[PDB]
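Peer 1: First, the structure itself, so that you have it in front of you.
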Ligand SMILES: [Zn+2]
Ligand SMILES: [Zn+2]
Ligand SMILES: [Zn+2]
Ligand SMILES: [Zn+2]
């Protein structure tokens, strides 16, 4: 159907960042233990909390 | 006490059990039955991600000095107190030897492996009645060459006595006794690239020199008595076989070597110039 | 591959080349086809050759 | 192999479309933006002539 | 502070959000990889027996 | 779109907008710890290591490296280590055989998967076996990217 | 064919210590073995 | 780099006129607007593709590897 | 966190295309636009805790 | 007149190497005349950056 | 307080030791047990004590 309003719309320049989603998705349950403190360890690399 | 923990599934018992580790959850499970054994594993890499004891020995080394939130009046007392326990250990002399062999190896631009192998060689004996002093530099001069050779690196006696004058024979007897020590506690081809490095040549003369050295080692004519020199005249005959002016006087002054021996090797390969060239 | 380009790059580059499409009703979908791995009834085969001459 | 357009644009044949109805706003489904005039601030359709003003 | 009144935990998730106009307030949208990764204990009753058995 | 979100054309993504490469590297090298004999880049067998991973080590070759161009998953192994001590009762003391591994083989980061490519090997400063690899992985833009 | 090392299109076939610095070339970086083995791709 | 295939905006086959779009510059001394006219993409959706592509593959390939 | 807000509970409808998803309503008490901020999630283990989250 | 000078060469080269590796800006004295951000890792994302 | 606090206890004569968990060996991943700060300092303490006792 026709649209009520009208739209400003056209070509424009964008660009892409670095913080992609796969480095930020992270979840954990009952994993590695740190020997100083008996707590879950740090780091997305070694599957932290 | 037997100091022993053995892990065994209490329901399979087929062997010392075929078990696996799930490091992503830090648990262990007998793969046959599928039951856990224990939980909460300790990491084996995060400590290496977190942050020479064998050469410094069981007693541990400690250098002390100054900081920001301190006072100069007592850090100078600390600087004059840091030597109040160096006489309790022989490790002050061990680290003095370590420092001096560090001086030597980095003076001859030797790498970390050579330095640590010389450290190993000193730490190996470090005290015998066979050692018996002997100027305290003969032992390190032997040890650096021992570590160099066992690093598969060859260095000349002339380089060694350019580093330290050890009168060449206390050095030799130290080498013999250290050889016996290491055999109780239990190669000249690489000289060639250093010679051509000091002479500045491309590859084909070096490869030809290696081939001719192999062939002359195989056949005959020791002829020079320490065949280091007949290796050197193999380079001499190769470079005279090519057309680059590397004349005999220049070679002799460069390598600090006898020109008469060069002419002797030149004559004996002038006889045997036949079977020594591949292309 | 030897070029200065990536391989899946070349793949996605290839994927947009259209082809002749008259008799497309005659052949059958691989999902419905009783065979496995691209019989002649359900697919076609392509070969490409280039050379650094 | 076969493929269809709806799951990936590789199999799309269309790659363009055009669509128009009531070129002259007679059905009045939408007004136009204007700042001083509806007419002069807009161009005519190319489809203008086939329906009367 | 870093060990007693606050510390690390378990059963945790960390991603980035997008809006939606079709989900009411008491819901939340959760991605299925995270649903596989997490867990939750239950108990075995005469009530939950068949559904739990099927899900096992 | 609300509060600076974005709507996009997955058909344009199919046509080939915003596709991207992703190179990653790895540093690895050996050490002398004797009694001067260094490590080795060996291909593990079953009876090779100490505390072996579940890496499914078939992707390596006789030089202990991976040939480029094959695909790798997240947990897969690419390098191989072995402990050269010498002297510590080398392969008959306090362990099975499984000779002297204490294996510290480096697996890939367990999430990303792709194609390894153009593995080079060259001696280090002092002269050792020193290894670098590079893996190539396409990342099609997804729902959760920062634009 | 195991090593390339250089601008040569040569299958040097080095295995263990046969003048690793390439003979008909001038290199010491030792390029390694583009794979004969067949690959799979997925162009969806 | 490579002029791509199948315009994001329209989607018709693009790059047929690519080296043609080149040779309508050098041996014709021809202005680009009328060049794109006689080229014949009456939309703009494809016209922008060639208007803002920048070659990189020349600078790529004028290495000499292997 | 600043005040009694930022601590909601939720039910869940499980969603593919991995990311979170939530209602446009609750955005300003969460005090977060969609500029890439990340969330934190926890799951109770026992029934007392689950009930008190549910009821409060 | 030779034995000491080469270890002097080691000291000068090692000192410059340590300085431009770390960014601690001084000799081996545990951060004296100390200010850190002098030896940043070069930013290598985009030609503009 | 007499039962718990009497100033001769406030001067140190005999010093207890901490257990291995507080000062754990990190097993530094190639050949070391990786002994840490607390055990290091305690070894210093024992060395200085034996030196003083021999001296006197
Ligand atoms: Zn079992
Ligand atoms: Zn078929
Ligand atoms: Zn070469
Ligand atoms: Zn277009």
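In chain B, numbers come from Swiss-Prot; the residues present are 16-66, 84-218, 234-326, in order.
Looking at the header, which is where the method is noted, we find electron microscopy, 4.1 Å.
Here the Cβ of each residue, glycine as well, is placed from N, Cα and C on the backbone.
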Peer 1: Which is it, of B:20-53, B:105-138, that Swiss-Prot names as zinc finger?
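Peer 2: Among B:20-53, B:105-138, the range Swiss-Prot annotates as zinc finger is B:20-53.
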Peer 1: Setting B:24, B:27, B:45, B:48 aside, what same-chain residues sit with their Cβ within 8 Å of the center of the Cβ atoms that define the Zn(2+) site, listed in sequence order?
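Peer 2: Near the Zn(2+) site, beyond B:24, B:27, B:45, B:48, sit B:25, B:26, B:28, B:29, B:32, B:34, B:46, B:47, B:49, B:50.
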Peer 1: Which residue counts does DSSP give the zinc finger (B:20-53) for helix, strand and coil?
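Peer 2: Across the zinc finger (B:20-53), DSSP assigns the residues as follows: 0 helix, 11 strand, 23 coil.
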Peer 1: Can you break down the repeat '2' (B:242-318) into helix, strand and coil residue counts using DSSP?
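Peer 2: Secondary-structure composition of the repeat '2' (B:242-318): 57 helix, 0 strand, 20 coil.
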Peer 1: Please count the residues of the repeat '1' (B:136-212) that DSSP assigns to helix (H, G, I), strand (E, B) and coil.
Peer 2: 48 helix, 0 strand, 29 coil
